[PDB]
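K.L.:
Below you will find the structure I want to go over with you.
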Amino acid sequence: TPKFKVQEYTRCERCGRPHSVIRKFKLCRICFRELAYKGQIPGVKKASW
Amino acid sequence: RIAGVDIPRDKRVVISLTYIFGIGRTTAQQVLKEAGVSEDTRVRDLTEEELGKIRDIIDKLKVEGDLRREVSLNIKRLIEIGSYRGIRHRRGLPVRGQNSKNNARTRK
Amino acid sequence: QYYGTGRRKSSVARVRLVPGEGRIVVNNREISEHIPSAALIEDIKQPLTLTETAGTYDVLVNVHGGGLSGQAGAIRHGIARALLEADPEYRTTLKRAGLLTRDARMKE
Amino acid sequence: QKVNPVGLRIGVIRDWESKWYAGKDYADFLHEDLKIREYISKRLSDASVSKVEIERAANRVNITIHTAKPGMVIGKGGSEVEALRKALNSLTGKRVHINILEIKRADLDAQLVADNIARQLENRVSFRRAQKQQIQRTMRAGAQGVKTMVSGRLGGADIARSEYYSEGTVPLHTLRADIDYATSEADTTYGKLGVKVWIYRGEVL
Amino acid sequence: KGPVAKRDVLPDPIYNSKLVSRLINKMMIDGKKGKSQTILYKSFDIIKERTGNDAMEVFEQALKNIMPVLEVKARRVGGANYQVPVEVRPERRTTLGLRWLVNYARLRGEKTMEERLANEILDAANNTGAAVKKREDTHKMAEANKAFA
Amino acid sequence: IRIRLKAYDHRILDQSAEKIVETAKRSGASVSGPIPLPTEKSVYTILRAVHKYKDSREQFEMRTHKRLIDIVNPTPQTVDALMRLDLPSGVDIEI
Amino acid sequence: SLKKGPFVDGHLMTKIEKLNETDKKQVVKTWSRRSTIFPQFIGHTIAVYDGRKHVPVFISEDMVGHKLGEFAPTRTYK
RNA sequence: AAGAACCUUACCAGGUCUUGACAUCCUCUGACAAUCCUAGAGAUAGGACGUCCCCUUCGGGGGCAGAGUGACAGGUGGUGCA
RNA sequence: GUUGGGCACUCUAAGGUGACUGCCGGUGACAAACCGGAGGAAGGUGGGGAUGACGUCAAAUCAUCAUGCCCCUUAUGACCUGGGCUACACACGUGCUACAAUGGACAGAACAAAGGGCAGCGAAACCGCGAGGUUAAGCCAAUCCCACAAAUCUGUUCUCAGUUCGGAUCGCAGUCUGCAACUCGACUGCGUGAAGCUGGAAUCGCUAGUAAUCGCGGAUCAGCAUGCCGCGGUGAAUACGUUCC
């Protein structure tokens, strides 16, 4: 719970890890990739391009 | 001779004024505009009247030793407070937050 | 009037031949204004020259996309494809010059 | 290493668990889903549930929890279900539904299979044996291939090294082949061991 | 294994010469064919104003004098180091014609490229200058080691 | 009446529009048949830098497929029939 | 920003305004290296934290407009 | 890890707290709290100001907080020849 | 298109068809093949991405995370404030801009695609030399806003100069963002104007919409791009041959 608004940083809302976070999903590259695979991320499928 | 500087004869006026310390392109442009004189005329092809007018406009500006001194008293001022910038001035390192590890050679 | 869609790159030219005097008008301008290069203009006319319909038809193109070269190729392709609607006898002469092939060379 | 077979076969032959459109609610509706599925795991750690399909409809959130033990799942009169719902109702915020279908032949689903082997390795059933029960059960279930792997300090063996008993075919070359995959971790008194379980279940034509 | 077909360039629209186009593409830098189309049409107006002849009469004459007949090719069978005299294929003649024309035109002292290219063509046409010399040079060298082949 | 449908699977989105159109045509109102609207392609590129500068790329993609359904000369039964229809969990029915 | 005016920590400006009531006298210790030197500071010695110790910097006229941290170099190198 | 001013942040120097930041309970269950006054560089503080938990056949329990509480909690400290 | 205007075309995107040596000449086992026909947008493996096997390095990671057993466990837990990560004798990588004239400046024309936006994009007017500021249209959207290109083409001037080459650095200037830009943001004034007169030995890679080149957008993000990822524009040269490596 930071003091000012600037200090407030995006953390992986599942991991807790404060890195690499995708604002659309609030996930780091890791937690996302894993869940993407399982297919728990409504319409986000692996691409071929 | 303008502001104690022998500006070249062959090149255009605008260019010849860029040599005058304290005058660049845009200063030379608004000098000659304020002189009410064509900026395409040549120094060799100017008039002594037109020179006088150009010279009168340039007297309102800080140029040459007047400006060199203004700049030099600032070097004094920073080494007269031991400011980060002061120390960077006397050490010969970057003063505005440039990295030193590499790409600092202008200073070094 | 005789319609024919051309495409090169991202350009898409809606060519239309109308009975005229060999004027190419692209988006309500003379081709010289729209396409500057003479080399491009010659290549745009290349379907009209080989069918010997240069001076038969007024070309009314509607182009959108790509650049000036691209826009050319689409017009060329669309003139060629318009001529086929004018006279199916031209197919043989066009096809020999490679004008009926759609240049599908996209970026990698 | 390798592509996760499911990874590359979703929206192709297999389906989304999380069936729902949502624009500005995406992250809200998503992280909710993550609780819901993480809860039903911790709750029903022994009910043979895998494909916890989550649908949504403003405030009518439906949770289909496909289960190989459906009689066990419901509970004594929907006892487990109702208690599950009220927590989820108090956690999520919505009208959490509980539609339930069965995982007929647990050895067809690779999560359940890999979960079965997850327990055997905890209770110290020889890596050797653990798999072979599954393999043969999966064969009789009616599966054209299987590739159980266990990897780690196997039997407390100081040196960790991997042991895989593979039957049938694992056609990863075929995008239309239904390769199920499921990983699991086996925490014994010498670290953890990796249950990886592939299952080709006939082509999707 | 089978000789790839060379790309069929269009004819130069005002001289109807695929040679002149090939010069443009040789002169073109950073895909700026416009700059090179201008330069040549500027250079050929310079040739026509000076000589009075058609630029095509001069340019073809220029190429004749630049275009090589025999070239040195390194052959190192066992020892050898033989500079095998090789006859320049008619496509490689024009290649080396236009390459040298452009390469030496850029190196000349004149201020603008349109003048530099014009003067190199005018010098080439008079059987002189540097690009003609370069052909001679490799032939002098090919004549020097002519005992191989 | 103007309807916008949005989905991640174009199959269910087509099966939706079929019913939306068929329910309006049984209702008797004239339908502008389902306009295909420019499908939105959000691509997510997770790079894992190797040797710093080379970087193993893995791309994911979300496609929002869109359909526009205008209903001309609308009816009471239409307005009802639209609210009656159950478009699935993967479609967003905006009116 | 430059429309808002020069910056100074209100915690510090209070301390120095108390000294401006009296005659300089006390020496203020602060961690506000980021505070601009105002004319009110002139004559004071300000103890400014350089990351480990407080550097006593006497405030002269030419130091006005600069920050306090300009006179407390944080990195040691010869 | 060419999106480090603070934050990030791990490092440092100094200030500071020690169920310790958090964490399970154990229970005790109040309000928890906002709050703005005074400090302080801020944390850490004391308090100006301000406490009503809901559900409760109104017992309890779900909680939250503080306290007590207890093993622990928690370690970017080890081992990637577990 | 501004509006009425069916909606033709184009575009949007669901569903289809289309290339097969299929058909026709030669050739050759009468076949396969090969050579060439036509037809077609496409010709003989349509072109791109996606998806391999069993490998070994007890390769690397307990600074993604988790982890059995160690250790710390009023500290090897935790919190704050300032500072450092941004130091610079130098080294090894990656990259950008110059070293001008096929260029610099000056103005007139232009012609893109992809992508982003409501806690925002912000039109458009308005203000300032400019960066920005004002207020606020319209629009979470093929509807509105960001973008709506730059290279380039055509006018004009300088004229091969350390230069209207070049931009470093420094001085004095402003403006945003944030609690705060001293260390340590970016941007814009204005002056200054470094090196560089186009990078050897050597080393790597590349057969076309490629090399080269010029712009655009986006993620991360308060702000911060000579990085990364898209997108489009312009657009080559060479491939004889297998003699050698």
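Residues in the structure tokens are named by chain (A, B, ... in the order shown) and by number from 1 within that chain; ligands are numbered from 1 in the order shown.
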Report as JSON, numbers by chain all protein, DNA and RNA residues lying within 6 Å of range 224-230 of chain I, evaluated on only C-alpha atoms (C1' of nucleotides), omitting residues in the same chain fewer than 6 positions from it.
P.N.:
{"H": [2], "I": [96, 185, 186]}
K.L.:
For the selection you just gave me, I'd like the residues written to a file as a PDB file, in the first residue's frame, keeping N, CA, C and O atoms (P, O5', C5', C4', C3', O3' and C1' of nucleotides).
P.N.:
ATOM      1  P     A H   2      19.515  -3.808 -19.604  1.00  0.00           P
ATOM      2  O5'   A H   2      19.230  -2.361 -20.227  1.00  0.00           O
ATOM      3  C5'   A H   2      18.446  -2.293 -21.444  1.00  0.00           C
ATOM      4  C4'   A H   2      18.063  -0.858 -21.732  1.00  0.00           C
ATOM      5  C3'   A H   2      17.025  -0.661 -22.853  1.00  0.00           C
ATOM      6  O3'   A H   2      15.703  -0.567 -22.362  1.00  0.00           O
ATOM      7  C1'   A H   2      18.976   0.649 -23.308  1.00  0.00           C
TER       8        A H   2
ATOM      9  P     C I  96      21.700   0.872 -35.997  1.00  0.00           P
ATOM     10  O5'   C I  96      21.816   2.365 -35.456  1.00  0.00           O
ATOM     11  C5'   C I  96      20.634   3.071 -35.003  1.00  0.00           C
ATOM     12  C4'   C I  96      21.032   4.453 -34.542  1.00  0.00           C
ATOM     13  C3'   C I  96      21.620   5.355 -35.625  1.00  0.00           C
ATOM     14  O3'   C I  96      20.583   5.920 -36.415  1.00  0.00           O
ATOM     15  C1'   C I  96      22.907   5.505 -33.636  1.00  0.00           C
ATOM     16  P     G I 185      19.792  13.730 -16.049  1.00  0.00           P
ATOM     17  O5'   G I 185      18.338  13.402 -16.656  1.00  0.00           O
ATOM     18  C5'   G I 185      17.374  12.684 -15.819  1.00  0.00           C
ATOM     19  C4'   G I 185      16.350  12.019 -16.697  1.00  0.00           C
ATOM     20  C3'   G I 185      16.152  12.627 -18.085  1.00  0.00           C
ATOM     21  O3'   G I 185      16.933  11.910 -19.034  1.00  0.00           O
ATOM     22  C1'   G I 185      14.112  12.667 -16.910  1.00  0.00           C
ATOM     23  P     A I 186      17.575  12.647 -20.308  1.00  0.00           P
ATOM     24  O5'   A I 186      16.280  13.054 -21.142  1.00  0.00           O
ATOM     25  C5'   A I 186      15.544  12.011 -21.832  1.00  0.00           C
ATOM     26  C4'   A I 186      14.211  12.558 -22.287  1.00  0.00           C
ATOM     27  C3'   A I 186      14.281  13.760 -23.220  1.00  0.00           C
ATOM     28  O3'   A I 186      14.482  13.371 -24.572  1.00  0.00           O
ATOM     29  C1'   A I 186      12.766  14.217 -21.461  1.00  0.00           C
TER      30        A I 186
END
K.L.:
Output as a tab-separated table one row per residue of chain A within 10 Å of range 6-15 of chain H: the closest atom pair and its distance in Å to one decimal place, counting only C-alpha atoms (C1' of nucleotides), sorted by chain and residue number ascending.
P.N.:
residue	atom	partner	partner_atom	distance
A:2	CA	H:7	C1'	8.2
A:3	CA	H:7	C1'	9.6
A:4	CA	H:7	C1'	9.0
A:5	CA	H:7	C1'	9.5
A:6	CA	H:7	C1'	7.0
A:7	CA	H:7	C1'	3.9
A:8	CA	H:7	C1'	6.7
A:9	CA	H:7	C1'	7.2
A:18	CA	H:8	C1'	8.3
A:19	CA	H:8	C1'	9.2
K.L.:
Take the residues from that selection and write them out as an mmCIF file, in the first residue's frame, keeping C-alpha atoms.
P.N.:
data_model
loop_
_atom_site.group_PDB
_atom_site.id
_atom_site.type_symbol
_atom_site.label_atom_id
_atom_site.label_comp_id
_atom_site.auth_asym_id
_atom_site.auth_seq_id
_atom_site.Cartn_x
_atom_site.Cartn_y
_atom_site.Cartn_z
ATOM 1 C CA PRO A 2 2.376 2.817 -1.212
ATOM 2 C CA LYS A 3 2.269 6.418 0.029
ATOM 3 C CA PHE A 4 2.041 8.329 -3.290
ATOM 4 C CA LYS A 5 0.415 7.318 -6.613
ATOM 5 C CA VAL A 6 3.751 7.231 -8.538
ATOM 6 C CA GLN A 7 5.327 4.704 -6.188
ATOM 7 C CA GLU A 8 2.403 2.289 -6.862
ATOM 8 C CA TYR A 9 3.719 -0.283 -9.354
ATOM 9 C CA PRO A 18 6.479 -7.163 -9.868
ATOM 10 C CA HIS A 19 8.025 -7.673 -13.316
#
K.L.:
Would you mind writing down, as a ChimeraX atom specification, each residue of chain A that DSSP on the backbone assigns to alpha helix (DSSP H)?
P.N.:
/A:29-38
K.L.:
Report, in Å to a single decimal, how far apart CA of residue 5 in chain G and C1' of residue 135 in chain I are.
P.N.:
23.5 Å
K.L.:
Within 9 Å of chain F, which residues of chain D show up when using only C-alpha atoms, listed as a short mmCIF file (atom, residue, chain, number, x, y, z; two decimals) with N, CA and C atoms, in the first residue's frame?
P.N.:
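The new file part-v7.cif reads:
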data_model
loop_
_atom_site.label_atom_id
_atom_site.label_comp_id
_atom_site.auth_asym_id
_atom_site.auth_seq_id
_atom_site.Cartn_x
_atom_site.Cartn_y
_atom_site.Cartn_z
N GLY D 11 -8.48 -23.85 -29.19
CA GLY D 11 -9.22 -23.15 -30.24
C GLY D 11 -9.08 -23.78 -31.63
N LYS D 19 -15.05 -19.65 -20.94
CA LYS D 19 -15.95 -19.23 -22.02
C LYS D 19 -16.70 -17.95 -21.62
N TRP D 20 -16.19 -16.77 -22.01
CA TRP D 20 -16.88 -15.51 -21.74
C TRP D 20 -16.21 -14.33 -22.43
N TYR D 21 -17.01 -13.46 -23.07
CA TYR D 21 -16.54 -12.17 -23.53
C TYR D 21 -16.59 -11.18 -22.37
N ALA D 22 -15.57 -10.31 -22.27
CA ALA D 22 -15.61 -9.18 -21.35
C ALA D 22 -14.49 -8.18 -21.69
N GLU D 55 -18.28 -20.38 -17.17
CA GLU D 55 -19.02 -19.45 -18.02
C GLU D 55 -19.40 -18.22 -17.20
N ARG D 56 -19.86 -17.16 -17.88
CA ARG D 56 -20.24 -15.89 -17.25
C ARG D 56 -21.38 -15.20 -18.01
N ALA D 57 -22.15 -14.38 -17.28
CA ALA D 57 -23.35 -13.71 -17.77
C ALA D 57 -23.77 -12.58 -16.82
#
K.L.:
Counting only C-alpha atoms (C1' of nucleotides), which residues in chain G sit no more than 12 Å from chain H? For each one, give the nearest pair of atoms and the distance in Å, sorted by chain then residue number, as CSV.
P.N.:
residue,atom,partner,partner_atom,distance
G:9,CA,H:41,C1',10.2
G:10,CA,H:41,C1',11.6
G:11,CA,H:41,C1',8.7
G:12,CA,H:41,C1',9.3
G:15,CA,H:40,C1',11.3
G:28,CA,H:41,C1',11.4
G:29,CA,H:41,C1',8.7
G:30,CA,H:41,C1',5.9
G:31,CA,H:41,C1',4.9
G:32,CA,H:41,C1',7.2
G:33,CA,H:41,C1',10.3
G:34,CA,H:5,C1',10.7
G:47,CA,H:41,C1',11.7
G:48,CA,H:41,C1',10.1
G:49,CA,H:41,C1',9.1
G:50,CA,H:13,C1',8.9
G:51,CA,H:13,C1',5.6
G:52,CA,H:13,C1',3.9
G:53,CA,H:13,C1',7.5
G:54,CA,H:14,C1',10.1
G:74,CA,H:13,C1',10.9
G:75,CA,H:12,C1',11.5
K.L.:
May I have the residues from that selection written out with N, CA, C and O atoms, as a short mmCIF file (atom, residue, chain, number, x, y, z; two decimals), in the first residue's frame?
P.N.:
data_model
loop_
_atom_site.label_atom_id
_atom_site.label_comp_id
_atom_site.auth_asym_id
_atom_site.auth_seq_id
_atom_site.Cartn_x
_atom_site.Cartn_y
_atom_site.Cartn_z
N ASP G 9 11.04 21.76 0.66
CA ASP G 9 10.26 20.94 1.58
C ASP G 9 9.73 21.85 2.69
O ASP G 9 10.50 22.61 3.29
N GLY G 10 8.41 21.78 2.93
CA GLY G 10 7.74 22.56 3.96
C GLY G 10 8.24 22.26 5.38
O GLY G 10 8.20 23.15 6.24
N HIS G 11 8.68 21.01 5.62
CA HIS G 11 9.33 20.62 6.87
C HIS G 11 10.62 21.42 7.09
O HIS G 11 10.88 21.82 8.22
N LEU G 12 11.41 21.64 6.02
CA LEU G 12 12.66 22.39 6.10
C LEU G 12 12.36 23.88 6.21
O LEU G 12 12.93 24.54 7.07
N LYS G 15 11.65 24.99 9.57
CA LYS G 15 12.83 25.01 10.43
C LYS G 15 13.63 26.31 10.22
O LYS G 15 14.01 26.93 11.21
N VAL G 28 20.47 23.65 10.85
CA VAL G 28 19.41 22.70 10.55
C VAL G 28 20.03 21.47 9.88
O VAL G 28 20.80 21.62 8.93
N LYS G 29 19.68 20.28 10.39
CA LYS G 29 19.96 19.01 9.73
C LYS G 29 18.71 18.57 8.97
O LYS G 29 17.62 18.58 9.54
N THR G 30 18.91 18.17 7.70
CA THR G 30 17.82 17.75 6.83
C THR G 30 18.31 16.66 5.88
O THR G 30 19.51 16.45 5.70
N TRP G 31 17.33 15.96 5.31
CA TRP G 31 17.52 15.00 4.25
C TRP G 31 17.01 15.54 2.91
O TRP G 31 17.06 14.84 1.90
N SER G 32 16.54 16.81 2.87
CA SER G 32 15.95 17.43 1.69
C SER G 32 17.06 18.08 0.84
O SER G 32 17.11 19.30 0.68
N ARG G 33 17.89 17.21 0.25
CA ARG G 33 18.83 17.56 -0.81
C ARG G 33 18.11 18.19 -2.00
O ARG G 33 18.70 18.98 -2.73
N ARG G 34 16.84 17.78 -2.23
CA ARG G 34 15.98 18.27 -3.30
C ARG G 34 15.42 19.69 -3.09
O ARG G 34 14.76 20.19 -4.00
N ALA G 47 22.93 21.39 7.34
CA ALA G 47 23.45 20.03 7.37
C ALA G 47 22.58 19.17 6.45
O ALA G 47 21.40 18.96 6.75
N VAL G 48 23.15 18.70 5.34
CA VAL G 48 22.41 18.02 4.28
C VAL G 48 22.97 16.60 4.19
O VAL G 48 24.18 16.43 4.11
N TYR G 49 22.08 15.60 4.15
CA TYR G 49 22.50 14.21 4.15
C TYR G 49 23.01 13.85 2.76
O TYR G 49 22.30 14.12 1.79
N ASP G 50 24.24 13.29 2.65
CA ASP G 50 24.85 12.92 1.36
C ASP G 50 24.74 11.41 1.15
O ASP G 50 25.38 10.87 0.24
N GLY G 51 23.91 10.74 1.97
CA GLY G 51 23.70 9.31 1.90
C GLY G 51 24.26 8.58 3.12
O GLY G 51 23.83 7.46 3.37
N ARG G 52 25.20 9.20 3.85
CA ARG G 52 25.77 8.57 5.03
C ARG G 52 26.00 9.56 6.17
O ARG G 52 25.72 9.21 7.32
N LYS G 53 26.54 10.75 5.87
CA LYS G 53 26.86 11.79 6.84
C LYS G 53 26.13 13.06 6.42
O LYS G 53 25.64 13.14 5.29
N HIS G 54 26.02 14.03 7.34
CA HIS G 54 25.48 15.33 7.01
C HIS G 54 26.63 16.28 6.68
O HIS G 54 27.53 16.45 7.50
N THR G 74 27.54 12.97 -3.54
CA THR G 74 27.20 11.70 -2.92
C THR G 74 28.26 10.63 -3.20
O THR G 74 28.39 9.70 -2.40
N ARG G 75 29.00 10.77 -4.31
CA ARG G 75 29.95 9.75 -4.75
C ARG G 75 31.38 10.26 -4.55
O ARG G 75 31.73 11.35 -5.02
#
K.L.:
Taking the backbone alone, and naming residues the way the document does, which bits of chain C are strand (DSSP E or B) by DSSP, as number ranges by chain?
P.N.:
C: 2-8, 11-19, 24-26, 30, 57-64
K.L.:
Could you list, as an NGL selection string, every residue within 9 Å of residue 7 in chain D, counting only C-alpha atoms (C1' of nucleotides) and ignoring same-chain residues fewer than 2 positions away?
P.N.:
(:A and (33-34 or 36-39 or 45-46)) or (:D and (3-5 or 9-10))
K.L.:
Would you compute the distance between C1' of residue 166 in chain I and CA of residue 99 in chain B? Give it in Å to one decimal.
P.N.:
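A separation of 22.6 Å between them.
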K.L.:
For range 106-111 of chain E, work out the shell of residues within 10 Å, counting only C-alpha atoms (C1' of nucleotides) and skipping chain neighbours fewer than 6 positions away, then give it as a ChimeraX atom specification.
P.N.:
/E:27,100,117,119-120,130 /I:101-102,159-160
K.L.:
Restricting the calculation to only C-alpha atoms: of D:154, D:13, D:146, D:36, which residue gets closest to residue 124 in chain D?
P.N.:
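Once distances to residue 124 in chain D are computed over only C-alpha atoms, the minimum belongs to D:154.
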K.L.:
Using only C-alpha atoms, find each residue of chain G with at least one atom at most 12 Å away from an atom of chain B; report its shortest atom-to-atom pair and that distance in Å (one decimal), sort the rows by chain and rising residue number, and return the result as a Markdown table.
P.N.:
| residue | atom | partner | partner_atom | distance |
| --- | --- | --- | --- | --- |
| G:57 | CA | B:81 | CA | 9.6 |
| G:58 | CA | B:81 | CA | 9.6 |
| G:59 | CA | B:81 | CA | 9.4 |
| G:60 | CA | B:81 | CA | 8.6 |
| G:61 | CA | B:81 | CA | 10.1 |
| G:62 | CA | B:77 | CA | 7.1 |
| G:63 | CA | B:81 | CA | 7.0 |
| G:64 | CA | B:81 | CA | 10.9 |
| G:66 | CA | B:83 | CA | 9.1 |
| G:67 | CA | B:83 | CA | 9.7 |
| G:68 | CA | B:83 | CA | 9.6 |
| G:69 | CA | B:84 | CA | 8.5 |
| G:70 | CA | B:83 | CA | 5.2 |
| G:71 | CA | B:83 | CA | 5.0 |
| G:72 | CA | B:84 | CA | 8.0 |
| G:73 | CA | B:84 | CA | 6.3 |
| G:74 | CA | B:84 | CA | 9.4 |
| G:75 | CA | B:84 | CA | 10.2 |
| G:76 | CA | B:84 | CA | 11.8 |
| G:77 | CA | B:91 | CA | 11.1 |
| G:78 | CA | B:91 | CA | 10.0 |
